[PDB]
């Protein structure tokens, strides 16, 4: 199909690991992705040969490290088709990026009596910062409800948007259900009210091309460690016209223009105004390598392979007795499920005993669990390095668990 999963897997050293004496089947990339040698080695080589502080130090290594950091900002901006590299801020991850927007933009744009709209499928990262903001300023957090099939009940939007709505904060792809929301249309509607839209893209950017100009979203966030990259780094994109007006959030070195203890302090320009103190330079270098690696494979090639793998898994899972799936038939990336009346914790423990890593619990989406009237679900991630054989192991494992515990 162009894509070769065996060639890709050869780049990921963890996929040779054994677990409990058995070949690992790592079906938990939606919690965090494994990293290819190209990414691991790019960061290690930077530490071994090129390391220095950044912030445009006088000397050669610092100047070169600074250039590498800004070149990754440019590469990230092209990856999401931002108009400018200066629309991207380096953060620790999706979570921090949402908190930055909620404090810097939210404190200046959301007032007492206003409302913000989220959905019932959001991850806690795209819930709690908004609850904190609503409590700080006296605003209301409104919620788009779910349908049984895991899609949003969009017929409720006329009831939720009004002349006090300032922001829609919405997931691109559900980390549990795999639902992809109709962002472009939702954003058109939000903008007709003058509301802005933040998109939580943490489960989208690894599965297919993402184009923030076509989406017209006002903010977009994602995390490097889910995009086959190092931990401790993520991206916040903000339209230039908004970002230029935002006040700083964290204060300290590098985000100032002048500091005076008698005349006060002035700030530098965006995006550097939002990056206080020494950045995670090693993580940035590794993120650049991850973007290069993913672009070289091709996100449309990845999307084709993953979609065929997902279709195969859904077909095979029909032969598991008493299996409940949650979410729509066209899901991306993740399959959420429960087996009979067995606790997800026990199902996931048996799968781990078989060498198969899935996630269990509430997946940082307690309101979603409550919608489905369950405390927890299992979740298998089917990423670009996973195989039909691993899917077969999952199915056989569930069949064995059902027979043993029934």
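Residue numbers count along the first chain shown, from 1.
- As listed in the deposited structure, the average C-alpha B-factor of 383-391 and of 20-28 is greater for 20-28.
- For the pair 92-100 and 142-150, the mean Cα B-factor is higher in 142-150.
- Highest C-alpha temperature factor among 171, 231, 281, 109 per the entry: 109.
- Of the residues listed, 316, 77, 120, 126, the entry assigns the biggest Cα temperature factor to 316.
- Among the modelled residues of its chain, residue 226 has a C-alpha B-factor that falls in the lowest third according to the deposited record.
- For residue 220, the recorded CA B-factor ranks within the lowest third of the chain. Only modelled residues enter the ranking.
- Ranked by Cα temperature factor within the chain, residue 359 sits in the lowest third according to the deposited record.
- In the deposited entry, the Cα temperature factor of residue 34 sits in the bottom third of values across the chain's modelled residues.
- Residue 159: CA B factor in the highest third of modelled residues in this chain (values from the PDB entry).
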